[PDB]
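The chain below stands alone, shown as C-alpha cells; this is the form deposited in one PDB entry.
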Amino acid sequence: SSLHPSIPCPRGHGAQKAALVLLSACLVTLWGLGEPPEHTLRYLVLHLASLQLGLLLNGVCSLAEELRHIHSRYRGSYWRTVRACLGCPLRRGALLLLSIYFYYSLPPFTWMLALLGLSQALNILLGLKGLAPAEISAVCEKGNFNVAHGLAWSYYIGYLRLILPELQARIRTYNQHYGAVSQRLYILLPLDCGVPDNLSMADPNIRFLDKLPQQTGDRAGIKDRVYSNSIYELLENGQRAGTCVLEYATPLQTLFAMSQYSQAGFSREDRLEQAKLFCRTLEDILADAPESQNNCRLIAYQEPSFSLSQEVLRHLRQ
C-alpha cells in the first residue's frame, strides 16, 4: 500500500483465528455444562447431515435452471452440470450416504427431509440465499472476478508492454534532436476517476511542450497503428521546475462512464473500490514485470487545496 493509504490490503486469515477462538469457547462451555459428549457428537453429526441435505436440495433446484444451458455453458455434458451445481459428485454422494446412515440408524428421516426441503424452498423463493457484501467481495478478490483486474491487465498488455522498451530510445532521439525530459513515464491515478482530456484545465502549472516520435506497430488486423506520448512542463511560481512524459490512466475514464450509464449496473461505491483495486493490481503487475525496469512511475492521488504539479514534482525530485 505504498501508493496511497486508502488502497486496501489483501485479506488475511482473521476469520480463521476468530473461528478457532469460537471453537475453544464452545468446547469450554460444553465442558462446563457437563453433558454427555456422546450426545454432543451425535447432534453435531446430525447438524452436519442436515447441512448436506440442504446443499443437495439447493443444488437440485439450481440444476433445473442450469440444464437449460447444458449445450452452451457445459458442452452437452450432464456430469459437468452436476459438478457445477453440486461439486465433486463422489464426495457429495459419500457424505449423503454417511448422513443417511447416521440419521436413520441413530436415535423419522422422511419427515426431517420434508422439513428441510420446505425450509430450502422458502429460502429460495423469498430470496434469502444472498451473501453479505464482505463475503461477495472476498470471493471476487480470491477468484479475480473484478472488472479492475481485466482493465489493469489490458492496460499492461496492450499499452505498457508495447511502449516501455522503446521509451528510452524515443527520449534519446527527442533530446538529441531538440528538453532534458526525465527518462520515465509518469502515470496519474485519480481515485475519484476524474480524468480530463487536457491537463492544463486541471492545473495551469502543467503545460504541453511537444510530442515524442510516434511509435508504430501492427495490432489485431490494424497495421500502422500508432502510439503517441506528450511532454509536459511543470512550473513553480511561474518558472519552470521540471519536464516529463506525463499521462492519465485511460481505463479510469471507463470506470467513470460506466457509473453514469444505467445499462452497466455500476455505482459510485463500486467505482471507488474498482479504481483502488485497479491501482493495486497494476502495481503488483509492474513489480514483477521484466519490461518495467525503472521506466514507469505511478502517482496515485485523491482530491479531498490540492496541487497536482507539486504531487508530480515530489516524485520527480527523487
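Rigid core (definition): largest C-alpha set, two forms, superposition within 1.5 Å. Shifts are known only where both forms have a C-alpha. Each residue number is its position in the shown sequence, starting from 1.
Absent from the display: the form deposited in another entry. The rest refers to it.
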Sole residue of 53, 272, 286, 258 shifting 2 angstroms or more in CA between this form and the one not shown, core aligned: 53
Threshold 2 Å Cα movement between this form and the one not shown for residue 150, core superposed: no
C-alpha of residue 190 off by 2 Å or more between this form and the one not shown on rigid core: no
Displaced residue check between this form and the one not shown: residue 161, CA, 2 Å or over, core reference: no
Closer or farther in that other deposited form, the Cα atoms of residue 144 and residue 256, when the shift from this form is 3 Å or more: closer
Change in CA distance between residue 255 and residue 136 in that other deposited form, which is 3 Å or more, as closer or farther: farther
Regions of at least 3 residues displaced between this form and the one not shown by 2 angstroms or more (CA, core superposed): 2-33, 37-105, 108-146, 214-216, 263-265
